[PDB]
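Note that ligands are numbered from 1 as they come in the structure, with each ligand's atoms numbered from 1 the same way. These numbers come from the heavy atoms of this one structure, side chains and all, not from hydrogens, waters or symmetry mates. Naming convention: chains lettered A, B, ... in sequence-line order (proteins, then strands); numbering from 1 in each chain.
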Number of protein chains: 2
Amino acid sequence: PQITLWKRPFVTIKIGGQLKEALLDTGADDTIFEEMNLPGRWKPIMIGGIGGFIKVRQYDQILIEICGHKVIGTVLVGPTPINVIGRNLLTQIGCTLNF
Amino acid sequence: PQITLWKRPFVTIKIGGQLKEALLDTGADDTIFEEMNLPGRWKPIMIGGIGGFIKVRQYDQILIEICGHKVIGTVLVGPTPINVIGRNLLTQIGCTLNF
Ligand SMILES: CC(C)CN(C[C@@H](O)[C@H](Cc1ccccc1)NC(=O)O[C@H]1CO[C@H]2OCC[C@H]21)S(=O)(=O)c1ccc(N)cc1
């Protein structure tokens with residue numbers, strides 16, 4: 001699909017058997033989700049943003065179904081105010097900016 | 001142009017007679033720039049992101065030439081780690097996400 005930007009570009013996603021909405025974020029290097037139940041081991045990391053830094057749990061090789069598109073990549077879980085799909089996964093669905 | 005997301009989508013922009021690079025950020029509602037010399041009045045406000053909030057100077061009806069496209073809108077100036085072009089201006093150049 002082609003998505004305009006008059007509203008926040010939210011999409012429906014399936015991850016860890018759970019349904020969630022996430023923001024298509026070209027400004028996000030990596031994908032991050034609010035606190036959620038994901039299986040397996042994880043590594044502590046910290047990411048940086050406009051307001052400073054947050055500590056998040058890094059999960060690798062996580063399956064996401066983005067608007068009916070399956071992708072596998074790194075998914076961070078932590079205190080983000082909003083779920084964000086980062087470029088690490090946007091590339092896998094062939095997402096592009098156009099103007 | 002069509003922009004893939006294997007690299008940070010930076011574009012060159014001219015604002016207040018100054019040359020700068022800014023990140024096409026679909027996850028950014030509004031445009032914000034690092035500290036810079038901008039003319040006119042401004043209103044103090046605070047915006048929020050990952051890791052928290054920052055206090056920024058809000059300027060309205062500011063002219064930006066984004067990759068050869070002229071636009072006029074609100075531009076925030078403050079301690080962002082990166083210059084970001086927000087949806088408030090992306091819409092005016094007709095920018096869209098595609099996959
Ligand atoms: C610091 C920038 C590179 C912005 N980033 C993505 C961006 O889309 C965030 C994503 C975002 C969105 C909502 C809340 C927090 C973060 N938006 C943002 O901070 O912009 C602010 C200016 O416009 C306002 O609109 C809301 C946020 C404000 S980021 O959140 O910090 C980020 C950084 C690293 C990763 N791996 C993932 C995300």
> N/O of B:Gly27 under 3.5 Å from N/O of ligand 1, yes or no?
Replying inline: yes
> What distance separates B:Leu90 CG from A:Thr26 OG1, expressed to the nearest 0.5 Å?
Replying inline: 7.0 Å
>> Once salt bridge (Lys or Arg N to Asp or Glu O under 4.0 Å) is applied, do any residues pair with A:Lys70, and if so which ones, sequence neighbours excluded?
In response: A:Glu65
> Excluding sequence neighbours, so at least two apart, what forms salt bridge (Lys or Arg N to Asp or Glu O under 4.0 Å) with A:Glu35?
Replying inline: A:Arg57
What are the atoms of ligand 1, with element, lying closer than 4.0 Å to any heavy atom of [X]?
X	result
B:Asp25	4 (C), 6 (C), 7 (C), 8 (O)
B:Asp30	22 (C), 23 (O)
B:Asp29	23 (O), 24 (C), 25 (O), 26 (C)
A:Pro81	14 (C), 15 (C)
B:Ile82	2 (C), 3 (C)

>> Heavy atoms only: which of A:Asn88, A:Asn83, B:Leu76, B:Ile50 lies closest to atom 32 (C) of ligand 1?
In response: B:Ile50
>> Please state which option from B:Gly48, B:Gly49, B:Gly78 has its nearest heavy atom closest to atom 27 (C) of ligand 1.
In response: B:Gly48
> So is B:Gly86 in contact with ligand 1, going by heavy-atom distances below 4.0 Å?
Replying inline: no
> Among B:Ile66, B:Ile32, B:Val71, B:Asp30, which one satisfies side-chain contact (heavy atoms from CB on, under 4.5 Å) with B:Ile85?
Replying inline: B:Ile66
> ligand 1 versus B:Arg87, non-hydrogen atoms closer than 4.0 Å: side chain, backbone, both, neither?
Replying inline: neither
> Quick one: nearest non-hydrogen protein atom to atom 38 (C) of ligand 1, plus distance?
Replying inline: A:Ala28 CB, 3.4 Å
> How far is atom 26 (C) of ligand 1 from its nearest protein heavy atom, and which residue and atom name does that atom have?
Replying inline: A:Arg8 NH2, 3.6 Å
>> Determine whether A:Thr74 and A:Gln58 satisfy the following criterion, side-chain contact (heavy atoms from CB on, under 4.5 Å), listing intermediate values before the conclusion.
In response: CA-CA 7 Å; A:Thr74 307; A:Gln58 185 203 330; 3.5 Å; yes
>> Tell me the closest heavy-atom pair linking A:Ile15 and A:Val75, and the distance in Å.
In response: CD1-CG1, 3.9 Å
> Does any N or O in the side chain of B:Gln92 come within less than 3.5 Å of the main-chain N or O of B:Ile72, such that one atom is a donor and the other an acceptor?
Replying inline: yes
> More than 12 foreign heavy atoms under 6.0 Å from NZ of A:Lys20: is that the case here?
Replying inline: yes
